[PDB]
Protein chains: 6
Amino acid sequence: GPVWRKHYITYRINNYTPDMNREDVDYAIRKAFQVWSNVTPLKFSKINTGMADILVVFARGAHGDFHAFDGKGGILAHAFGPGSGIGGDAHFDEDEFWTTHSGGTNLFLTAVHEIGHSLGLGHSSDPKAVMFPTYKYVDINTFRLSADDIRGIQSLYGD
Amino acid sequence: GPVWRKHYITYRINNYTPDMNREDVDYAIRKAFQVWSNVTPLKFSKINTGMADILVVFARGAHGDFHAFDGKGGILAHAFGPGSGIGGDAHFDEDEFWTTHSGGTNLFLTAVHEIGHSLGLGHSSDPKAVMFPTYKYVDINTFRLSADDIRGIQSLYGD
Amino acid sequence: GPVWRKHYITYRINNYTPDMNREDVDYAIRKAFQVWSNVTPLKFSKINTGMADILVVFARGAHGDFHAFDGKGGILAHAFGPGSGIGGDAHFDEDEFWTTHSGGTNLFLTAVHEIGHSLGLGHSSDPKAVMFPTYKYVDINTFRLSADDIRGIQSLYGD
Amino acid sequence: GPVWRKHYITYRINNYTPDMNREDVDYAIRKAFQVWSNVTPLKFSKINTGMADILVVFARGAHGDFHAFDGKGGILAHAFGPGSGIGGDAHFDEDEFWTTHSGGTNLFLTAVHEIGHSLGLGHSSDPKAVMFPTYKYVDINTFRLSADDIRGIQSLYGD
Amino acid sequence: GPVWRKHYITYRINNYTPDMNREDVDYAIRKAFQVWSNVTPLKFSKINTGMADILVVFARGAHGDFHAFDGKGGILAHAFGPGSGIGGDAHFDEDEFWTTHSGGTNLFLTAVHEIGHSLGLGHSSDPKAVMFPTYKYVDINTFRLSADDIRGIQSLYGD
Amino acid sequence: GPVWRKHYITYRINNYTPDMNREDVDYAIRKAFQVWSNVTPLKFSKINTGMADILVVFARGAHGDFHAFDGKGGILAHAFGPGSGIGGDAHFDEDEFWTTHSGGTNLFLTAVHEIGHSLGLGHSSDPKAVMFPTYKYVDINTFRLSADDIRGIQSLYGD
Ligand SMILES: CN1c2ccc([C@H]3CN(Cc4ccccc4)C(=O)CO3)cc2CS1(=O)=O
Ligand SMILES: CN1c2ccc([C@H]3CN(Cc4ccccc4)C(=O)CO3)cc2CS1(=O)=O
Ligand SMILES: CN1c2ccc([C@H]3CN(Cc4ccccc4)C(=O)CO3)cc2CS1(=O)=O
Ligand SMILES: CN1c2ccc([C@H]3CN(Cc4ccccc4)C(=O)CO3)cc2CS1(=O)=O
Ligand SMILES: CN1c2ccc([C@H]3CN(Cc4ccccc4)C(=O)CO3)cc2CS1(=O)=O
Ligand SMILES: CN1c2ccc([C@H]3CN(Cc4ccccc4)C(=O)CO3)cc2CS1(=O)=O
Ligand SMILES: [Ca+2]
Ligand SMILES: [Ca+2]
Ligand SMILES: [Ca+2]
Ligand SMILES: [Ca+2]
Ligand SMILES: [Ca+2]
Ligand SMILES: [Ca+2]
Ligand SMILES: [Ca+2]
Ligand SMILES: [Ca+2]
Ligand SMILES: [Ca+2]
Ligand SMILES: [Ca+2]
Ligand SMILES: [Ca+2]
Ligand SMILES: [Ca+2]
Ligand SMILES: [Ca+2]
Ligand SMILES: [Ca+2]
Ligand SMILES: [Ca+2]
Ligand SMILES: [Ca+2]
Ligand SMILES: [Ca+2]
Ligand SMILES: [Ca+2]
Ligand SMILES: [Ca+2]
Ligand SMILES: [Ca+2]
Ligand SMILES: [Zn+2]
Ligand SMILES: [Zn+2]
Ligand SMILES: [Zn+2]
Ligand SMILES: [Zn+2]
Ligand SMILES: [Zn+2]
Ligand SMILES: [Zn+2]
Ligand SMILES: [Zn+2]
Ligand SMILES: [Zn+2]
Ligand SMILES: [Zn+2]
Ligand SMILES: [Zn+2]
Ligand SMILES: [Zn+2]
Ligand SMILES: [Zn+2]
């Protein structure tokens, strides 16, 4: 339902998980956004000062929004739909072991799903959709949005 | 507790339910606001561009705020008390069948209740209050706030 | 899913609401069960000693099962599906004002819905079904299960 | 609402917290039950084989009933009201540091409160009641039920 | 914490998912139990009449225990720890597409995890444990409990 | 995780509890903030007009954010971590009896804990920490942050 009313959207990485190197996090997040900007007129920019539209946060258990994570495994992250303040923010469960590979939980893949929410997409019932609520590792090189993801995101922002 | 610190309050209809015609939704919502402005110094205006104080959204199940609706029937909608960002926003469960009549769930009647929350009112224990938590259809022509609703809303904004 | 594996089912009224006379409660509950036994091979009997299959309880707020009621209005009651121990038990929110008429919340009508759950039925999306999650008063003399209710209950116990 | 329909009630200690010696746990629990049997016709017996009415369990986080504890501090324990199966069972959050003294969280004091629930008592609004929802250490030698606790428990079992 | 006090444990399949053939369900469930009996003195038997210790149920959304499933994906099932009545029961989200292969959600693999709970095991933080809260398909022929699973289950029942 | 990106932070008292005199509330809150500014470079100012970073609200039960309080005792208050809109806001359960002394629930002590959250601190497992989730009255004259509180708050804002 909720949707951003602009094409230029900014994000800021609030804090970094110690599981990966800082540049690994920056890259994974940037690639995740690119997946969506590739099929829409949306443009994403990372900022280090000022208020960003989408704040990326790594935290475990109770972290300030009354929706605590559950420890290692299970729920991997969550994000608010489009909006001011908390809207669009993406939170990643620090109790997970984030990685750039097939071990632990892949940050890039999870970020794609979460940003889908940040942009206004809900869960899909299509097994192939990145918005399907069940995580399944796939190499980044072969990862691709499903037609369902494309349709949904374009129904909101076009292109 | 929370209360708006101004008399001019704006609202924007984020998206429309397919259950009714667009103008039916605009009218029902406008009439709902008028019910409250009629007994206070508050003034409501609908805007189509810019940030509105109260955003009206139609959505089903999980819709971005971590408080998912429950399908047809039961919870019909929910709204945040006065505040910035999400504050004041009213969400209507799309799984309900919204109408301008006695069938399905009447949008106008439900909107009056929700806006009551948007303005800072909680649930009432008075069976006659629009803020009573149990829905009961009443023709719009004979609908009226109860003394309890009036007292509560005026204790906040006067007039 | 859950279903009783017998036709003779007993119920016991744990405690009585002070809103009505004891015999009014006994009658309303008995009539509610009869609505279901009328369209199935099920037989219900009220017992005053021993362990009943379905325990009827009146309570407010937190009452021992970790699913507290919400005060006057809103959720009126809840019940567990078929099973031993807590299974089948029906709890009625004492914060409601129970009646034998159109005022407050009608016990008989609510009990029919709850017993539907006690017998293994979930919510229906049919507006006419007693299992539809939205309460609407109807005189007992004209009340009747919808075809959807009948089909569902008979798919479980036949007749 | 729920209430036991007998005077002879048995309890069994499912497992022991490593925080205290086994006999310290047995004693604290026995003293907690005695607090209630002292003002009612109820009689409690500890059994080591067979099905007990009240099962005492020490566990952390998610422990099998879908109502997970919250780690050290905060919620200290919880218990189901009178009934078969899970009814009456008392669960103590293992993440707390249980003791026989003023340090950590006193098992005896907490057990008195929990057993109050096991017997059918809800929370009290009386600051002096053991059933008041806020924990406050008091030496066992000077601990005593409040008039509110007495009235409530006797309204259920007399004496 | 909770644990069964016997070696002979029975289970009964309450209802069957239409996703698979009846015999496919019976087999998958039987194999899941065998995984646990292989490393303990426990013995499992399927019964078709009478009260089973562990009831297997397939259901979607709200199904009678006040802990509704969430639709396709996400939470796949849940189960109560050892105990009478509801204790030990395993519920499988019918909104998932259950299979005997790598498509949809594998019943056998999920059942192994759930039965782990039914037997008294909680979630593990070991990525290799079947009790780790994140689902990952693995061919049944190569599936195996992790040392962590073995230790945990044997700490409860030995062998 | 979330953290304020400035040293000058403002707060505004939305409404006052009738339990204490207005000046008692202002003082208790001011002292609570001072506890934190004493060990960091942070500076807090109370404003009466305009948008404050941290809004202090007194409310009971359901109060507009979908996380209702629980009546007298138990949960005493809650607050959102650093952020715009609702971020940082502190809500105090009006069902508690707030005081400047050892009776009821001490506002100052509770406010120190809540502001800890407002500033970005989560719960501590150190029994001596003000951020430990279990309330324990201590005279204001002898109250002091624990080393754990200091370390945590300084890891975020330094000094
Ligand atoms: C790359 N893809 C991802 C990545 C992440 C997620 C979700 C999974 N998840 C688990 C979950 C979701 C919903 C309910 C319970 C558990 C998360 O928390 C957040 O990320 C789902 C999917 C589908 S996929 O195409 O395989
Ligand atoms: C016109 N009036 C309305 C309209 C809407 C509502 C509420 C009912 N509701 C159901 C509910 C509320 C609380 C808890 C459970 C279910 C909603 O969700 C939102 O609207 C209540 C009432 C009382 S009334 O005077 O008859
Ligand atoms: C006679 N009929 C009843 C009686 C009772 C109920 C439900 C309503 N309800 C409110 C509710 C349900 C679900 C979610 C929020 C609120 C209850 O709690 C229990 O009873 C629903 C219906 C449909 S009806 O044909 O009009
Ligand atoms: C000896 N007494 C106890 C012991 C235990 C408890 C409760 C407190 N508690 C915290 C709680 C309760 C409710 C909500 C949040 C937190 C528990 O979990 C279980 O025990 C309350 C009280 C009141 S007292 O007279 O001081
Ligand atoms: C074969 N294995 C299974 C099978 C099932 C499950 C869980 C997963 N799950 C998702 C979940 C769990 C907890 C929280 C959110 C989502 C379930 O619901 C039930 O089954 C976990 C695991 C770990 S594994 O070794 O790969
Ligand atoms: C002065 N100190 C306070 C003040 C307030 C609080 C918390 C307690 N609490 C109860 C609670 C917390 C978490 C879960 C259940 C119950 C609150 O709600 C808010 O304030 C904790 C503590 C630890 S202390 O050093 O003794
Ligand atoms: Ca997790
Ligand atoms: Ca944002
Ligand atoms: Ca981590
Ligand atoms: Ca929330
Ligand atoms: Ca609904
Ligand atoms: Ca708003
Ligand atoms: Ca609709
Ligand atoms: Ca529950
Ligand atoms: Ca109610
Ligand atoms: Ca029962
Ligand atoms: Ca009543
Ligand atoms: Ca705890
Ligand atoms: Ca029991
Ligand atoms: Ca412990
Ligand atoms: Ca699911
Ligand atoms: Ca069972
Ligand atoms: Ca299915
Ligand atoms: Ca409280
Ligand atoms: Ca704020
Ligand atoms: Ca008060
Ligand atoms: Zn979060
Ligand atoms: Zn998601
Ligand atoms: Zn919403
Ligand atoms: Zn409402
Ligand atoms: Zn109940
Ligand atoms: Zn229902
Ligand atoms: Zn428990
Ligand atoms: Zn309690
Ligand atoms: Zn279930
Ligand atoms: Zn699990
Ligand atoms: Zn709040
Ligand atoms: Zn806290």
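Swiss-Prot numbering applies to chain D: residues 106-264, in that order.
Including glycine, each Cβ sits where the backbone N, Cα and C put it.
Sequence annotations record features per position, and here Swiss-Prot assigns Ca(2+) 1 binding site to D:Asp124, D:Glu199, D:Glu201. DSSP assigns D:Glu199 (Ca(2+) 1 binding site) to coil, not to a helix or a strand. Within 10 Å of the C-beta of D:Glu199 (Ca(2+) 1 binding site) we count 21 further C-beta atoms, all protein chains included.
Annotation source Swiss-Prot lists Ca(2+) 2 binding site at D:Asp158, D:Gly190, D:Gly192, D:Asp194. Sequence-distant contacts (6 or more apart, same chain, Cβ under 8 Å) of D:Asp194 (Ca(2+) 2 binding site) comprise D:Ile159, D:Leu160, D:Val161, D:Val162, D:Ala184, D:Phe185, D:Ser223. Under DSSP, D:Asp194 (Ca(2+) 2 binding site) is assigned to coil, being neither helix nor strand in the three-state scheme.
All protein chains considered, the CB of D:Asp170 (Zn(2+) 1 binding site) has 21 other CB atoms within 10 Å. Marked as Zn(2+) 1 binding site by Swiss-Prot: D:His168, D:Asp170, D:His183, D:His196.
According to Swiss-Prot, the feature Ca(2+) 3 binding site maps to D:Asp175, D:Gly176, D:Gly178, D:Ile180, D:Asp198, D:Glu201. Secondary structure at D:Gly176 (Ca(2+) 3 binding site), as computed by DSSP, is coil.
The DSSP secondary structure for D:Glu219 (active site) is helix. D:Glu219 (active site) counts 23 other C-beta atoms within 10 Å of its own C-beta, drawing on all protein chains shown. Summarising the annotation, Swiss-Prot assigns active site to D:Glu219.
Proximity to chain F (CB-CB distance below 8 Å) holds for none of the binding-site residues D:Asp158, D:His168, D:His196. Contacts of D:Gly178 (Ca(2+) 3 binding site) defined by a Cβ separation under 8 A and a same-chain sequence distance of 6+ are given as D:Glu201, in order along the sequence. Counting neighbouring Cβ atoms within 10 Å of each of the binding-site residues (D:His168, D:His183, D:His196), the lowest count belongs to D:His183.
Neighbouring residues of the recorded Zn(2+) 1 site, listed in sequence order and excluding D:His168, D:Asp170, D:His183, D:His196, comprise D:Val162, D:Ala164, D:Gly169, D:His172, D:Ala173, D:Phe174, D:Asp194 (Cβ within 8 Å of the Cβ centroid). The Cβ of D:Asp124 (Ca(2+) 1 binding site) lies under 8 Å from the Cβ of D:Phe202, D:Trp203, D:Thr204, D:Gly209, each on the same chain and at least six residues away in sequence. With D:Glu219 (active site) as the anchor, the candidate binding-site residues are D:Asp158, D:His168, D:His196, and the one with the nearest CA is D:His196.
Of all the binding-site residues in the record (D:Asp175, D:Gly176, D:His183, D:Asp198), the one with the smallest CA separation from D:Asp158 (Ca(2+) 2 binding site) is D:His183. Within 8 A of the CB centroid of the Ca(2+) 1 site residues D:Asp124, D:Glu199, D:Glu201, the other residues of that chain are D:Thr122, D:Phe163, D:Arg165, D:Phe197, D:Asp198, D:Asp200, D:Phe202, D:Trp203, D:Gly209, D:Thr210.
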